[PDB]
Amino acid sequence: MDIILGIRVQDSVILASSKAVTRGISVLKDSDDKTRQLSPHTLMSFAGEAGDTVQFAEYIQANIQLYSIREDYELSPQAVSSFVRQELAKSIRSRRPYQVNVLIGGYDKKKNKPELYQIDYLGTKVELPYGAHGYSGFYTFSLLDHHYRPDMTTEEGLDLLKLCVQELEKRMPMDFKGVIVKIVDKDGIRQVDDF
Amino acid sequence: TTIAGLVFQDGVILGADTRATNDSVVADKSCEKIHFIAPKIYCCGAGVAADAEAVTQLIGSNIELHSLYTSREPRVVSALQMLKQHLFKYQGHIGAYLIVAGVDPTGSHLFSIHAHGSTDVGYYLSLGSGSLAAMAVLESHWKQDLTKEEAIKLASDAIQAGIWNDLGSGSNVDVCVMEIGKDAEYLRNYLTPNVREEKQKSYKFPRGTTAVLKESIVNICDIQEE
Amino acid sequence: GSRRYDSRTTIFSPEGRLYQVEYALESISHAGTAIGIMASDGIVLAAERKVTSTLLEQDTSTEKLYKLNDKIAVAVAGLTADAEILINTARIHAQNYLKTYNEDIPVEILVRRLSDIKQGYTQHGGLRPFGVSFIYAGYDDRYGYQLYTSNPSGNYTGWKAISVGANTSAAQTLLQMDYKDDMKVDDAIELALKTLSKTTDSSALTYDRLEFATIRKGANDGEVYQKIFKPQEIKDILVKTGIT
Amino acid sequence: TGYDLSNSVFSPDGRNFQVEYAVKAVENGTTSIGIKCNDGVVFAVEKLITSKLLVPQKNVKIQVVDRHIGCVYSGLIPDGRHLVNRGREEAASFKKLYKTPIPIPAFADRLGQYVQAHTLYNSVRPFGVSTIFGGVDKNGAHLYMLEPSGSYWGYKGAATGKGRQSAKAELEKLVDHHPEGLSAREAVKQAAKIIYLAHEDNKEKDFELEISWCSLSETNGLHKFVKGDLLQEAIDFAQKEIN
Amino acid sequence: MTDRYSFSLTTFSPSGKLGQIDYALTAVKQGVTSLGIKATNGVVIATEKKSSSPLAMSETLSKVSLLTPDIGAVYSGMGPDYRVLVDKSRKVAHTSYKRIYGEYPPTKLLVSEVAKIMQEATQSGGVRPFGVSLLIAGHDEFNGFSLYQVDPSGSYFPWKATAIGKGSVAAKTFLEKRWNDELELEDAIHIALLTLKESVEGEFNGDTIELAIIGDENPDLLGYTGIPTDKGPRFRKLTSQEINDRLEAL
Amino acid sequence: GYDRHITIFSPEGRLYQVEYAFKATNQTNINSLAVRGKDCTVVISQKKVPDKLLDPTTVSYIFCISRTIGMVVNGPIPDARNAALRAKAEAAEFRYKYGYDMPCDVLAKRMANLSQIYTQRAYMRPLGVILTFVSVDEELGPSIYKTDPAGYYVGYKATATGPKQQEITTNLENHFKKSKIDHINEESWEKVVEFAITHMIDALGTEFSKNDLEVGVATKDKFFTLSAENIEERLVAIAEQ
Amino acid sequence: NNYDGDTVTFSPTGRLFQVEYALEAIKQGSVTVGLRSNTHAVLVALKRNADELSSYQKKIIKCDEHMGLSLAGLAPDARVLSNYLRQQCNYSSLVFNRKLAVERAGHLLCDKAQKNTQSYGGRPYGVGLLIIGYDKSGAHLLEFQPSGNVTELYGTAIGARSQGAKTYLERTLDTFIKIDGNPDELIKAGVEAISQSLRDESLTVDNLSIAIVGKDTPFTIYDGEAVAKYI
Amino acid sequence: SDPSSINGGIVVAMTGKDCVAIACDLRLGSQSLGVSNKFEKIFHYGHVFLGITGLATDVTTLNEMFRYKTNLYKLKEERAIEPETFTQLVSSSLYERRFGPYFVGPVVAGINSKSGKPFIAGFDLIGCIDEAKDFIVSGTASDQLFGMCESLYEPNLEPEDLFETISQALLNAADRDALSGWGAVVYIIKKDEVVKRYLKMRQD
Amino acid sequence: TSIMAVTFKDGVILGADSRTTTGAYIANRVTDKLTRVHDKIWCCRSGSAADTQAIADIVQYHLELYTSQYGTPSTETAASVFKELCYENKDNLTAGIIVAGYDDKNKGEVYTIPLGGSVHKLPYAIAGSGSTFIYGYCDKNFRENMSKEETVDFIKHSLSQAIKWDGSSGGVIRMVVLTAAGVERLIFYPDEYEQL
Ligand SMILES: [Cl-]
Ligand SMILES: [Mg+2]
Ligand SMILES: [Mg+2]
Ligand SMILES: [Mg+2]
Ligand SMILES: [Mg+2]
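- For this coordinate set, the PDB header names X-ray crystallography as the determination method and states a resolution of 2.70 Å.

- The name the PDB entry gives chain H is Proteasome subunit beta type-3, with Saccharomyces cerevisiae as the organism.

- Where the PDB entry is consulted, chain B appears under the name Proteasome subunit beta type-10,Proteasome subunit beta type-2, with the organism given as Homo sapiens.
- The heading Catalytic activity in the UniProt record of chain B holds the text "Cleavage of peptide bonds with very broad specificity."

**So, a negative patch on the surface**
Turning to step 1, where the next piece is worked out: Taken together, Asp51, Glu52, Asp200 and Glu201 of chain G make up a surface patch of like negative charges.
Turning to step 2, where the next piece is worked out: The residue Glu201 of chain G is located in the loop between α5 (183-194) and β9 (208-214) in this model.

**A few points about the environment of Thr68 of chain F**
All names here are of chain F.
Turning to step 1, where the next piece is worked out: Examined against the element boundaries, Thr68 turns out to sit in the loop between β3 (62-64) and β4 (70-74).
Turning to step 2, where the next piece is worked out: Considering only alpha carbons, one finds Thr68 and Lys222, 154 residues apart in sequence, at a separation of 4.6 Å.
Turning to step 3, where the next piece is worked out: When residues no more than four places from it in sequence are discounted, the contact partners of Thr68 are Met102, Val134, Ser135, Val136, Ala218, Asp221 and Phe223.

**Some words on unusual backbone geometry**
Turning to step 1, where the next piece is worked out: Backbone geometry at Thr52 of chain C places phi at a positive 55°, although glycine is not the residue there.
Turning to step 2, where the next piece is worked out: As for its position among the elements, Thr52 of chain C is in the loop between β2 (42-48) and β3 (65-67).
Turning to step 3, where the next piece is worked out: For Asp66 of chain D, which is not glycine, the phi torsion reads 60° and is therefore positive.
Turning to step 4, where the next piece is worked out: Relative to the helices and strands, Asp66 of chain D is located in the loop between β3 (63-65) and β4 (69-75).

**Structural notes on the environment of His82 of chain D**
Turning to step 1, where the next piece is worked out: Mapped onto the elements, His82 of chain D comes out in helix α2 (residues 77-98).
Turning to step 2, where the next piece is worked out: A residue is classified by how much of its surface remains accessible, and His82 of chain D, at 16% relative accessible area, is buried.
Turning to step 3, where the next piece is worked out: In sequence terms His82 of chain D and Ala238 of chain D are 156 residues apart; their C-alpha atoms lie 32 Å from each other.
Turning to step 4, where the next piece is worked out: Residues contacting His82 of chain D, with those up to four places away along its chain left out, are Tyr114 and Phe127 of chain D together with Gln114 and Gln118 of chain G.

**Quick look at the coordination of the magnesium ion (ligand 2)**
Ideal geometry at a metal centre: 109.5 degrees between donors when four sit tetrahedrally, and 90 or 180 degrees when six sit octahedrally.
Residues and elements named next belong to chain F.
Turning to step 1, where the next piece is worked out: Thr7 (OG1), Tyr118 (O), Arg121 (O) and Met124 (O) make up the full set of protein donors to the magnesium ion (ligand 2), lying at 2.1 to 2.7 Å.
Turning to step 2, where the next piece is worked out: Ordering the donors of the magnesium ion (ligand 2) by residue number gives the pattern T-x110-Y-x2-R-x2-M.
Turning to step 3, where the next piece is worked out: For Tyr118, a relative accessible area of 14% corresponds to the buried category.
Turning to step 4, where the next piece is worked out: Take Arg121: its relative accessible area is 38%, and that puts it in the partly exposed class.

Scoring rules and cut-offs
- Residues numbered from 1 in each chain as written, not as in the entry; some residues may be left out.
- Chains lettered and ligands numbered in written order.
- Part of a larger assembly, values for the part shown.
- Heavy atoms only, no water.
- UniProt positions renumbered as here; feature names shortened; annotations may be inferred.
- Patch = residues over 30% accessible without salt bridge, like charges linked within 9 Å, V, L, I, M, F, W, Y side chains within 5 Å.
- Areas by Shrake-Rupley, 256 points an atom, 1.4 Å probe, with all protein chains shown as cover.
- Salt bridge = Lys/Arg side-chain N within 4 Å of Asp/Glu carboxyl O.
- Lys, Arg positive; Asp, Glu negative; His and termini not counted.
- Charge placed at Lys NZ, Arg CZ, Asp CG, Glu CD.
- Helix = DSSP H or I, 4+ residues; strand = E, 2+ residues; numbered from the N terminus.
- Contact = heavy atoms within 4.5 Å.
- Buried < 20%, exposed > 50% of the residue type's maximum accessible area, 1.4 Å probe, protein only.
- Donors = N, O, S within 2.8 Å, 3.2 Å for Na, K, Ca; no water.

Rendered as structure tokens:
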């Protein structure tokens, strides 16, 4: 899969993920949702090798949902990201590694803070104000470095994200067919249906 | 690396340089390549340093347990057999080249051991990148019924040849002397022919030279009680 | 063959009881009494040693109170050797959780894990159960201060105050009489020692026959601190509370 | 009491009663013998004709191991077959590694250790057979007899089964009367006689004689069955001696 | 040929007793007396060399064993069970500690490992408990000198002084009267010899007594020179002559 | 009463199966003796061939374990051969792994440890044998080490095993009480064998022919057994003084 | 008594009671007869029904084109042993291009049954088998007992009342052995033999089961109206 | 492709008079791309400090592994692990993965609580110990650090002088390495106080 | 390496050079390639020094255990144990071994085991890199039932030529004589054999 972006603002985390699924010669789909809800206040977007991406995401989703039922409690975003990192770090020395890069956007209900975690297929974890995987950061980070403020509203975060996507649409060779955008805050997860 | 071993009148002696190099850079200028196996059994290690050290420690541990079990002082042939069988099992993947020497109830012994598990018996041996330089000295001056004073001289001369003429070897000379009916004497830094000269200048900075963003105290203590 | 000699440790009686569990509990009833009391600002663990000897080196001795991590401790009643096998397993589970999630293990999760291990020995394997009852004293950010007990059956329950070992019937009546919900640690310390002093089979309760510990939120600057009491410190608290 | 209910339990005497009970199964079986001769060994066995419906010469009891060892046994016949199957595996692996065919003393210990192993655990039953076996190796002729306990010794003559006392007495006469030794062809004749004499203990049913032999001069050191004219000559000799 | 005892041979009786552990303790009680005394600057462990025959060479039978250079052990009960425990204890000191940390384990942790092995024979399938109580004396840098007892159950307790086996009840009463916290090692050896004389019937000399100490570092026993940090073993077994010298000042 | 059937503790702290294995030891009704010279270790054992049908050359309770080590067994032959095969396997493995010949006392310890396991583990029975190992060890010199079903072992100056062991033991005890040394002060092994046979004759009160005895001799770098004609030469020398 | 709790235990007189109890299951089973000449070998089996609504339990199982058996006792144990025979016959054909000798088939069944009599946990097989076959040495008939004992015979019978048939075959021995190149007469002799073991019941069309193998005859089973000829 | 230089970064440790110093840069990258300027490479277990350079997933994994092991050590030993003992634990742990190693360059720094002796050590990826008196270097600019340290270092520096020496060694080494920089941290460690200082440096 | 074994009237003689090389460097100039697996069963080793030493040590263990159980093994038995190890592990071994031994029954026997792990019983055998240069010489000069002195000369002259032409061979010529009389070691120095 191609472009996955993340930006943590004042009171929410915004994840933007491309809609295209290309199998070599043809674009098979232009409405693909590259994300799974792990818990009510934690969302994970993903990109990497075909098959492995969804298999990994759903496997993580199942384990976090299992934890939620057992303890009657939602794990913090930090705890979920550490669990995800360990599974990827375990994977890299396997017989056949998961080639999957993820962003984990969550709202910590205890601390009342949005949190964004970037984890690559090796199990390299970093907490960031904004992040990306693959070539997405090469185009967008100069704009984010310039315009980003920690006290941005959700609407300002979306406007900065539009500028990032516009720059991607201008300079990237591949047609990624636009992005699905989702917001993670104190009220949970919702999709921005017009972008 | 230059390591050497040779036998004399009523003993055996080991020699080694003290330089560890990864690629072209000197990682360590004073490392110990003469390894302890038993009180009177020692091992010079060449090749991959971690492997040589690890293999001597494992066999040294097993030799100690064997010695306790049998109520006998360990033999060099036991250390030799255990090392070669271990190294053979790993088909050279443990890249240890060793010179094993010691004294035991049987007498004094000197063996070499290669990474694939072949062993040799010798009166004088050398291993490592400096082996050819060291062996030139041993072939020139080694003789039968050497005295201890002559043997230490020859062993250190063999290691020096490696130090000066091999880029892989350098720094100081370590020696270990194992004589019959005596405690083994481990002579670390037996020779020190490569002390650095005094520098031209002092590079100590004025205080406040470095720019600092933040200062904080790190709490390294257990949680306190009130 | 071998069948002849098998006691069959994991079977029901005609009444639907697990023989070996019931007999393990009988063993535990002869062990030194351990008491746990939970307060608003901390937990107390008090326990009586059965050594009863002058030459025993008390300051380096540990038979009753063990540390599982920085936030959780246990009081032991039963076979000490059996308890140490389980304690080491619990210590590993806590560190596994910390490695996986980067957060200290919640108290109940640790308790459930150990209790599940005990349960397994009663249902399969043909081995004798662990002759151990634990009092778990711990803290986490979800439920705060918590007391639990587990027994050889693998059943565990939560408590405000509880006893295990000898004279638990008598001990639980005394705790039920004087415990209140708004109680503080200093009051709970006094209750635990007074209860042991009345239920003890010994002629008098002294410092050399006790192990004592507190978990108090009230480490400098809002952190939780475990305090395993030294012999001299047990002697002082006995004089303070007016028992010696 | 209860010491006899489980194999590998020592009684207060220091006895393994389950092994002693296996001996009773051996004592209940048909008579089998072995005779050591000058350059080889002869084996013979009594086969009870339970009925006319048994096909003559078909239910062969003596078994070969490798090409040079003969085995015969008395007691539980399936147990004897199981032991010979093991013996064949032991002889095959010996020859695989060391090239030379298994020597007889070596082979004896392979069977011995295996039988002895079945007295070490309560999860197995001891062997209900005594096995007489032997042959020719590089050091000459060897005859052995192996009991349910795992015990074995070398023999000049050996006998086991229901008629063992009778047979043993006859073997003891041959040893005394022939210190210089007995020829292979003589031993075949004498083996026939001894089985016929030992048949007084099983006199109710009639029987069938079966003989085999290994001899350096007569069989090139290979195990062979005595057949046809040589077998009939031995039967005639035996029939003449009883009358 | 299969091991079918996969079930516990030690089980709880209706009264809450673990029979096989109690019976193992009875075997320890029949065993020859051994003791341990802790001083300020050392520990002493001692026992009687009960020779089964005068033709036997009792020097070849070591009741007092080195476990590590700074830790020693003695027992009461079944000798063969002790010997195999010493083998396992020496090996576990290497595999679960020295090969990881590059140093010998402290006394309490090696004891913990021995205790674990003994506990497992009390719960695992198809085995009986060990019929020995051990007394383990040792030194380490951070804990100093220490003395531990280990029972068939796997339980262990630290002692200032104690005795186990035949005459342990009388011996422990003797040690309570004599022990204080200001004893030097030579005083503890003297008390050990006095205590042990009461439980010995026959000959009482260096050839019939086995005695070892955990004391000062012995660089003479190390076997090599040239490493300042290695100063030699604190465990030392007293000779037959060394014991007889102290029996004159008795 | 299943505490008498398997190796678990009785209420007295005893292992009855171990005690009964000791009784199996004397089932052969054979007495053995071992003594040490200056340069050698001699072991003698009674040889009884009750059946005339037996091949007397194959009747033996002395085993050549390795070149340097010999072993005599007191107990039934199946267990004797079980112990013999294992000791041979252990001696060969030792030499392969550690590069020198297995010492007599170390083999004894190893076999004793194996015997200890059968007293602790339920599924394995003890072997009903007492094993007496002999050698001239390269470090310790002449050596006798004996193992039993309890897993006990110890070194000996001299030893005796069998039904009449006490009579032999006391005879040997009395000799060493006179001489005040740990061995037979004699140069040749031939005379040490003559001592061994003489003191067994005195202790048991029976005369021996060449076929009534079995002899094993350990010297430096080899252990060997004497033939009937070697023993006969020994018996002639005894009678001639 | 005390020594019949498992197969691993000898009695004081050297008997294996579990094996003898397995032998008893065969005596309760329905009668089956085996007999042969030099050219052919025949099995005749009296099948048993549960009641008048039920089918008659099959007694004969084909193992190969040249071999097969009849059973008496526990039918599931016959299924296990016949399946093992099928595999050994098949192994011989696939690996060696060789038809398995009937004598060697008996040796394999003996050894398989033996292992169950010497080990803890298992039980003896509770079935008796009569194996017929035609191989390179002509016609053969075997009797298998679950003790392990396998016996080569001219004729025999096993099951309830089998002694009547076995006595008849003992008398007729000299006659039926000579029935060469005449399959119908050999079957007649087998049907006449099994009739000596009948009481109250007689041989009907769905009661009788016959099998035959011979020189130029593959192992074939006859049931139903195919055996009406011989009633 | 080379696992030890994908993420980049450096660690240096030095001894002084009654003190030790350990320092590291803050960069984490994906080759040319700078990803994080807050990736600290120094961790501590009681009073023992561990710096780790190399592949970042292994840096995180080994930290979590040694936290695990030193926590269990403390519970069993009833005391904090010492630098000398921890060094052997790092070496053991790395060598057990001999044929599938962690791609890292660890550095140990600390003061022995009983003797008061300053201690530093470095390792290769399979656990070979370099126990230097003077200084230890590690990471993608280890050559540059060797050059700085070998000239700038002198023995027995006071804590506040040692701070200047180690800081200037790190900074100028990092400025000659593409894959290091983006901030820096220096720990000054004394027997019972530890000061942590973030340095100001060029952000390219 | 230059190795050979030669049967003669009184028994067998094994012969070898003493050079061990790592490329063109002589790692050991006084190697003993004549190795003892039993009292009167020896072998000559060629190929991987690690492999042939590992094999020879295992064989020595097998024959020691054989001897404890079954008495003295034949030379054929020793060759068979060598073959079993070489043949079954042919994919992971580079070993060329000549086995030579003396029985009283069979007298002197020689077996050669080349790379594949096949066995060939021969009156004499040559092997190692230097043996290529003396196939012609050895074939022309070998006779059956030579004396001890003739056989020593034959081996000395043969290995002298092998050493002369092969860079991988050199040093001293070691020999081991196996007869009823016992085991005799011989050594021949360069100044002796070079002038032949
Ligand atoms: Cl052992
Ligand atoms: Mg047992
Ligand atoms: Mg830079
Ligand atoms: Mg830049
Ligand atoms: Mg040349």
